[PDB]
>>> print(open('start-v4.pdb').read())   # PDB, C-alpha atoms
ATOM      1  CA  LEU D 133      77.942 127.955  92.448  1.00  0.00           C
ATOM      2  CA  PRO D 134      81.757 128.691  92.262  1.00  0.00           C
ATOM      3  CA  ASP D 135      82.121 130.274  95.758  1.00  0.00           C
ATOM      4  CA  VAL D 136      80.027 127.445  97.381  1.00  0.00           C
ATOM      5  CA  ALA D 137      82.697 124.853  96.439  1.00  0.00           C
ATOM      6  CA  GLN D 138      85.508 126.929  98.120  1.00  0.00           C
ATOM      7  CA  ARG D 139      83.608 126.593 101.482  1.00  0.00           C
ATOM      8  CA  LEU D 140      82.344 122.978 100.912  1.00  0.00           C
ATOM      9  CA  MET D 141      85.911 121.542 100.888  1.00  0.00           C
ATOM     10  CA  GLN D 142      86.515 123.125 104.356  1.00  0.00           C
ATOM     11  CA  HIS D 143      83.365 121.365 105.747  1.00  0.00           C
ATOM     12  CA  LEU D 144      84.135 117.914 104.270  1.00  0.00           C
ATOM     13  CA  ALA D 145      87.659 117.979 105.848  1.00  0.00           C
ATOM     14  CA  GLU D 146      86.051 118.150 109.373  1.00  0.00           C
ATOM     15  CA  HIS D 147      84.370 114.703 108.897  1.00  0.00           C
ATOM     16  CA  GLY D 148      87.029 113.195 106.549  1.00  0.00           C
ATOM     17  CA  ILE D 149      84.541 113.219 103.595  1.00  0.00           C
ATOM     18  CA  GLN D 150      86.094 113.622 100.108  1.00  0.00           C
ATOM     19  CA  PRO D 151      84.511 114.040  96.614  1.00  0.00           C
ATOM     20  CA  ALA D 152      84.267 110.884  94.405  1.00  0.00           C
ATOM     21  CA  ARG D 153      87.107 112.327  92.210  1.00  0.00           C
ATOM     22  CA  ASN D 154      89.445 111.561  95.207  1.00  0.00           C
ATOM     23  CA  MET D 155      88.861 107.909  96.355  1.00  0.00           C
ATOM     24  CA  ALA D 156      90.937 104.687  95.974  1.00  0.00           C
ATOM     25  CA  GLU D 157      91.591 101.238  97.529  1.00  0.00           C
ATOM     26  CA  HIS D 158      94.072 100.155 100.271  1.00  0.00           C
ATOM     27  CA  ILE D 159      96.687  97.331 100.621  1.00  0.00           C
ATOM     28  CA  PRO D 160      96.414  94.197 102.944  1.00  0.00           C
ATOM     29  CA  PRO D 161      99.154  92.924 105.409  1.00  0.00           C
ATOM     30  CA  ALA D 162     100.638  89.634 103.964  1.00  0.00           C
ATOM     31  CA  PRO D 163     100.703  85.797 104.627  1.00  0.00           C
ATOM     32  CA  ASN D 164     102.525  83.950 107.495  1.00  0.00           C
ATOM     33  CA  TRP D 165     105.180  82.354 105.125  1.00  0.00           C
ATOM     34  CA  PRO D 166     107.654  83.600 102.433  1.00  0.00           C
ATOM     35  CA  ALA D 167     106.833  83.784  98.702  1.00  0.00           C
ATOM     36  CA  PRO D 168     107.485  80.500  96.727  1.00  0.00           C
ATOM     37  CA  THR D 169     110.088  80.105  93.896  1.00  0.00           C
ATOM     38  CA  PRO D 170     110.090  78.551  90.334  1.00  0.00           C
ATOM     39  CA  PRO D 171     111.610  75.157  89.204  1.00  0.00           C
ATOM     40  CA  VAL D 172     115.232  76.450  88.979  1.00  0.00           C
ATOM     41  CA  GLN D 173     118.021  74.557  90.841  1.00  0.00           C
ATOM     42  CA  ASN D 174     121.578  73.106  90.730  1.00  0.00           C
ATOM     43  CA  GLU D 175     122.436  69.473  89.700  1.00  0.00           C
ATOM     44  CA  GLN D 176     124.333  67.068  92.053  1.00  0.00           C
ATOM     45  CA  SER D 177     128.048  66.417  91.259  1.00  0.00           C
ATOM     46  CA  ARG D 178     130.779  63.962  92.446  1.00  0.00           C
ATOM     47  CA  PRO D 179     133.629  65.053  94.872  1.00  0.00           C
TER      48      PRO D 179
ATOM     49  CA  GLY C   1      50.513 121.868 107.317  1.00  0.00           C
ATOM     50  CA  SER C   2      53.937 123.560 107.841  1.00  0.00           C
ATOM     51  CA  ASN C   3      57.416 123.850 106.187  1.00  0.00           C
ATOM     52  CA  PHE C   4      61.008 125.157 106.767  1.00  0.00           C
ATOM     53  CA  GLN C   5      62.303 128.759 106.273  1.00  0.00           C
ATOM     54  CA  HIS C   6      66.125 128.880 105.697  1.00  0.00           C
ATOM     55  CA  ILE C   7      65.861 125.506 103.797  1.00  0.00           C
ATOM     56  CA  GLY C   8      63.154 123.187 102.328  1.00  0.00           C
ATOM     57  CA  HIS C   9      64.133 123.374  98.613  1.00  0.00           C
ATOM     58  CA  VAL C  10      66.638 120.479  99.106  1.00  0.00           C
ATOM     59  CA  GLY C  11      65.191 116.964  98.756  1.00  0.00           C
ATOM     60  CA  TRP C  12      67.419 114.762 100.927  1.00  0.00           C
ATOM     61  CA  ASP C  13      66.625 111.974 103.465  1.00  0.00           C
ATOM     62  CA  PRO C  14      68.694 110.114 106.198  1.00  0.00           C
ATOM     63  CA  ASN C  15      67.426 106.731 104.804  1.00  0.00           C
ATOM     64  CA  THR C  16      67.977 107.052 100.996  1.00  0.00           C
ATOM     65  CA  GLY C  17      69.916 110.317 100.355  1.00  0.00           C
ATOM     66  CA  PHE C  18      69.536 113.240  97.893  1.00  0.00           C
ATOM     67  CA  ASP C  19      66.622 113.051  95.399  1.00  0.00           C
ATOM     68  CA  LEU C  20      68.507 113.067  91.995  1.00  0.00           C
ATOM     69  CA  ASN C  21      65.203 112.807  90.024  1.00  0.00           C
ATOM     70  CA  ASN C  22      64.068 116.243  91.443  1.00  0.00           C
ATOM     71  CA  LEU C  23      67.365 117.932  92.578  1.00  0.00           C
ATOM     72  CA  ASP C  24      67.722 121.768  92.709  1.00  0.00           C
ATOM     73  CA  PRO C  25      69.349 123.898  89.901  1.00  0.00           C
ATOM     74  CA  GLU C  26      72.400 124.493  92.203  1.00  0.00           C
ATOM     75  CA  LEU C  27      72.633 121.169  94.107  1.00  0.00           C
ATOM     76  CA  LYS C  28      73.690 118.640  91.444  1.00  0.00           C
ATOM     77  CA  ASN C  29      75.611 121.484  89.757  1.00  0.00           C
ATOM     78  CA  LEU C  30      77.957 121.900  92.785  1.00  0.00           C
ATOM     79  CA  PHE C  31      78.145 118.083  93.243  1.00  0.00           C
ATOM     80  CA  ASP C  32      79.502 117.733  89.649  1.00  0.00           C
ATOM     81  CA  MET C  33      81.880 120.710  90.356  1.00  0.00           C
ATOM     82  CA  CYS C  34      83.616 119.757  93.672  1.00  0.00           C
ATOM     83  CA  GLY C  35      83.732 116.130  92.322  1.00  0.00           C
ATOM     84  CA  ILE C  36      80.952 114.353  94.328  1.00  0.00           C
ATOM     85  CA  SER C  37      79.080 111.395  92.684  1.00  0.00           C
ATOM     86  CA  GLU C  38      75.477 110.043  92.950  1.00  0.00           C
ATOM     87  CA  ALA C  39      76.843 107.143  95.090  1.00  0.00           C
ATOM     88  CA  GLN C  40      77.857 109.628  97.865  1.00  0.00           C
ATOM     89  CA  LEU C  41      74.477 111.446  97.505  1.00  0.00           C
ATOM     90  CA  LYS C  42      72.778 108.064  98.247  1.00  0.00           C
ATOM     91  CA  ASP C  43      75.177 107.317 101.173  1.00  0.00           C
ATOM     92  CA  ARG C  44      73.412 107.979 104.552  1.00  0.00           C
ATOM     93  CA  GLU C  45      76.912 108.594 106.047  1.00  0.00           C
ATOM     94  CA  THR C  46      78.308 110.948 103.283  1.00  0.00           C
ATOM     95  CA  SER C  47      75.140 112.665 101.886  1.00  0.00           C
ATOM     96  CA  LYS C  48      74.287 113.595 105.538  1.00  0.00           C
ATOM     97  CA  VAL C  49      77.554 115.609 105.829  1.00  0.00           C
ATOM     98  CA  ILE C  50      77.144 117.145 102.338  1.00  0.00           C
ATOM     99  CA  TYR C  51      73.538 118.200 103.311  1.00  0.00           C
ATOM    100  CA  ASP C  52      74.593 119.596 106.757  1.00  0.00           C
ATOM    101  CA  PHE C  53      76.867 122.008 104.812  1.00  0.00           C
ATOM    102  CA  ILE C  54      73.984 123.356 102.643  1.00  0.00           C
ATOM    103  CA  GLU C  55      71.754 123.705 105.784  1.00  0.00           C
ATOM    104  CA  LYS C  56      74.406 126.099 107.309  1.00  0.00           C
ATOM    105  CA  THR C  57      76.381 127.590 104.325  1.00  0.00           C
ATOM    106  CA  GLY C  58      74.324 126.830 101.182  1.00  0.00           C
ATOM    107  CA  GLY C  59      70.625 127.943 101.415  1.00  0.00           C
ATOM    108  CA  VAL C  60      68.758 129.019  98.210  1.00  0.00           C
ATOM    109  CA  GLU C  61      68.348 132.645  99.535  1.00  0.00           C
ATOM    110  CA  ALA C  62      71.845 132.753 101.168  1.00  0.00           C
ATOM    111  CA  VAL C  63      73.627 131.862  97.858  1.00  0.00           C
ATOM    112  CA  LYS C  64      71.463 134.541  96.093  1.00  0.00           C
ATOM    113  CA  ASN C  65      72.934 137.268  98.438  1.00  0.00           C
TER     114      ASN C  65
ATOM    115  CA  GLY S  66      90.805 110.841  89.701  1.00  0.00           C
ATOM    116  CA  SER S  67      92.954 107.687  89.308  1.00  0.00           C
ATOM    117  CA  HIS S  68      92.945 104.378  87.293  1.00  0.00           C
ATOM    118  CA  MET S  69      95.030 101.251  86.312  1.00  0.00           C
ATOM    119  CA  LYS S  70      98.776 101.533  87.228  1.00  0.00           C
ATOM    120  CA  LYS S  71     101.528 101.565  84.506  1.00  0.00           C
ATOM    121  CA  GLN S  72     103.748  98.805  86.037  1.00  0.00           C
ATOM    122  CA  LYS S  73     102.690  95.193  85.186  1.00  0.00           C
ATOM    123  CA  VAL S  74     104.084  91.619  85.175  1.00  0.00           C
ATOM    124  CA  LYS S  75     103.418  88.377  83.304  1.00  0.00           C
ATOM    125  CA  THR S  76     103.105  85.332  85.540  1.00  0.00           C
ATOM    126  CA  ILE S  77     105.309  82.476  84.138  1.00  0.00           C
ATOM    127  CA  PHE S  78     103.943  79.831  86.607  1.00  0.00           C
ATOM    128  CA  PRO S  79     100.703  79.102  88.629  1.00  0.00           C
ATOM    129  CA  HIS S  80      99.992  80.018  92.324  1.00  0.00           C
ATOM    130  CA  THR S  81      97.412  78.909  95.002  1.00  0.00           C
ATOM    131  CA  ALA S  82      95.995  80.966  97.926  1.00  0.00           C
ATOM    132  CA  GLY S  83      94.073  78.469 100.141  1.00  0.00           C
ATOM    133  CA  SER S  84      92.455  79.850 103.377  1.00  0.00           C
ATOM    134  CA  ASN S  85      94.043  83.364 103.695  1.00  0.00           C
ATOM    135  CA  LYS S  86      91.570  85.885 101.992  1.00  0.00           C
ATOM    136  CA  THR S  87      94.624  88.133 101.073  1.00  0.00           C
ATOM    137  CA  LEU S  88      96.357  86.046  98.308  1.00  0.00           C
ATOM    138  CA  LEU S  89      96.038  86.082  94.465  1.00  0.00           C
ATOM    139  CA  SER S  90      95.777  82.821  92.409  1.00  0.00           C
ATOM    140  CA  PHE S  91      96.507  82.375  88.650  1.00  0.00           C
ATOM    141  CA  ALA S  92      98.046  80.136  85.921  1.00  0.00           C
ATOM    142  CA  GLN S  93     101.148  80.585  83.659  1.00  0.00           C
ATOM    143  CA  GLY S  94     100.876  83.296  80.923  1.00  0.00           C
ATOM    144  CA  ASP S  95      98.464  85.479  82.983  1.00  0.00           C
ATOM    145  CA  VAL S  96      98.975  89.269  83.602  1.00  0.00           C
ATOM    146  CA  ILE S  97      98.895  91.249  86.898  1.00  0.00           C
ATOM    147  CA  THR S  98      99.059  95.050  87.542  1.00  0.00           C
ATOM    148  CA  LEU S  99     101.129  96.207  90.579  1.00  0.00           C
ATOM    149  CA  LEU S 100      99.219  98.310  93.187  1.00  0.00           C
ATOM    150  CA  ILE S 101     102.194  98.906  95.617  1.00  0.00           C
ATOM    151  CA  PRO S 102     105.522 100.896  95.313  1.00  0.00           C
ATOM    152  CA  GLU S 103     107.870  97.972  96.336  1.00  0.00           C
ATOM    153  CA  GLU S 104     107.926  94.247  97.354  1.00  0.00           C
ATOM    154  CA  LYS S 105     107.759  92.702 100.861  1.00  0.00           C
ATOM    155  CA  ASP S 106     109.332  89.315 101.892  1.00  0.00           C
ATOM    156  CA  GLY S 107     109.217  88.416  98.129  1.00  0.00           C
ATOM    157  CA  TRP S 108     105.408  89.066  98.049  1.00  0.00           C
ATOM    158  CA  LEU S 109     103.994  91.685  95.641  1.00  0.00           C
ATOM    159  CA  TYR S 110     100.387  93.014  95.516  1.00  0.00           C
ATOM    160  CA  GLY S 111      98.325  93.602  92.379  1.00  0.00           C
ATOM    161  CA  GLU S 112      95.098  93.124  90.379  1.00  0.00           C
ATOM    162  CA  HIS S 113      94.606  90.488  87.616  1.00  0.00           C
ATOM    163  CA  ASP S 114      93.916  91.846  84.065  1.00  0.00           C
ATOM    164  CA  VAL S 115      91.207  89.105  83.314  1.00  0.00           C
ATOM    165  CA  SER S 116      89.101  88.754  86.526  1.00  0.00           C
ATOM    166  CA  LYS S 117      89.979  91.933  88.592  1.00  0.00           C
ATOM    167  CA  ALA S 118      90.968  89.668  91.536  1.00  0.00           C
ATOM    168  CA  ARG S 119      93.499  91.191  94.025  1.00  0.00           C
ATOM    169  CA  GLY S 120      95.947  89.666  96.535  1.00  0.00           C
ATOM    170  CA  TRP S 121      99.604  89.073  97.411  1.00  0.00           C
ATOM    171  CA  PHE S 122     101.413  86.987  94.757  1.00  0.00           C
ATOM    172  CA  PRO S 123     105.002  85.585  94.500  1.00  0.00           C
ATOM    173  CA  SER S 124     107.271  87.859  92.385  1.00  0.00           C
ATOM    174  CA  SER S 125     109.521  84.818  91.590  1.00  0.00           C
ATOM    175  CA  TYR S 126     106.680  83.149  89.563  1.00  0.00           C
ATOM    176  CA  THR S 127     106.478  86.400  87.431  1.00  0.00           C
ATOM    177  CA  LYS S 128     108.606  88.784  85.249  1.00  0.00           C
ATOM    178  CA  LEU S 129     108.229  92.469  84.203  1.00  0.00           C
ATOM    179  CA  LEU S 130     106.508  93.750  81.026  1.00  0.00           C
ATOM    180  CA  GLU S 131     108.988  96.625  80.403  1.00  0.00           C
ATOM    181  CA  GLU S 132     110.431  97.177  76.821  1.00  0.00           C
TER     182      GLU S 132
END
>>> encode(input="start-v4.pdb", output="structure tokens")
Amino acid sequence: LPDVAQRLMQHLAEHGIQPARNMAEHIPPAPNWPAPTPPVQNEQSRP
Amino acid sequence: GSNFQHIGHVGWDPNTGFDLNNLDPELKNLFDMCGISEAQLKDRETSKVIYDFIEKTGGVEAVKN
Amino acid sequence: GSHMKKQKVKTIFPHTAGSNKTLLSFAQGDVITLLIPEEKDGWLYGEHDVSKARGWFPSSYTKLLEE
């Protein structure tokens, strides 16, 4: 048992396998336009 | 008819994966130790690699001595 | 292994993806968990606390849940 794990990790690294304790998602690129903004603005004033 | 020598104890297949229902007293016990899950054992692309290790570096007689 | 990130925001306004497959849509008063270390072009990326939907969302339609 305990010695078999110390040699397993060396095998899995050769194929890029990892144990299920060590997996997560990734992040996408982004859209083709900038992020929108809330209803906050100035108010028109005379010269 | 005939069977393996250095292996044969392990129940794994390239279509379905390791046989959890009948797994060896060492097999599942390592999988729970290094951190592997039953999903990877049923993965024809991950379980294959995990099995190829036992076929060369595990072995029920090889781990005994 | 790993789980839900500490940093979150409350959306204060709605947003709409359309045909992009990489955007996150919601209403006002909803909650999103950040999955990335910093913003990009005003876009932030996260996972919704009610539906587990993920995508880029506008930071400006949201505020932090610190203090």
>>> closest_atom_pairs(input="start-v4.pdb", of="range 82-114 of chain S", to="range 148-171 of chain D", cutoff="10 Å", atoms="all atoms listed in the file", output="CSV")
residue,atom,partner,partner_atom,distance
S:82,CA,D:163,CA,9.5
S:85,CA,D:163,CA,7.2
S:86,CA,D:163,CA,9.5
S:87,CA,D:160,CA,6.6
S:88,CA,D:163,CA,7.7
S:100,CA,D:159,CA,7.9
S:101,CA,D:159,CA,7.6
S:105,CA,D:162,CA,8.4
S:106,CA,D:166,CA,6.0
S:107,CA,D:167,CA,5.2
S:108,CA,D:167,CA,5.5
S:109,CA,D:167,CA,8.9
S:110,CA,D:159,CA,7.6
S:111,CA,D:159,CA,9.2
>>> atom_distance(input="start-v4.pdb", atom1="CA of residue 62 in chain C", atom2="CA of residue 147 in chain D")
23.3 Å
>>> atom_distance(input="start-v4.pdb", atom1="CA of residue 17 in chain C", atom2="CA of residue 41 in chain C")
5.5 Å
>>> resolve_selection(input="start-v4.pdb", expression="the PyMOL selection byres ((chain C) within 8 of (chain D))", output="tab-separated table (two decimals) with C-alpha atoms, in the coordinates of the input")
chain	number	residue	atom	x	y	z
C	26	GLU	CA	72.40	124.49	92.20
C	29	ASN	CA	75.61	121.48	89.76
C	30	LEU	CA	77.96	121.90	92.78
C	33	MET	CA	81.88	120.71	90.36
C	34	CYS	CA	83.62	119.76	93.67
C	35	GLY	CA	83.73	116.13	92.32
C	36	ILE	CA	80.95	114.35	94.33
C	37	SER	CA	79.08	111.40	92.68
C	40	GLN	CA	77.86	109.63	97.86
C	46	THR	CA	78.31	110.95	103.28
C	49	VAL	CA	77.55	115.61	105.83
C	50	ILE	CA	77.14	117.14	102.34
C	53	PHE	CA	76.87	122.01	104.81
C	57	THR	CA	76.38	127.59	104.32
C	58	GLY	CA	74.32	126.83	101.18
C	63	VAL	CA	73.63	131.86	97.86
>>> atom_distance(input="start-v4.pdb", atom1="CA of residue 98 in chain S", atom2="CA of residue 72 in chain S")
6.2 Å
>>> residues_around(input="start-v4.pdb", residues="residue 18 in chain C", least_positions_apart="4", cutoff="8 Å", atoms="all atoms listed in the file", output="PyMOL selection string")
chain C and resi 10-13+23+41-42+47
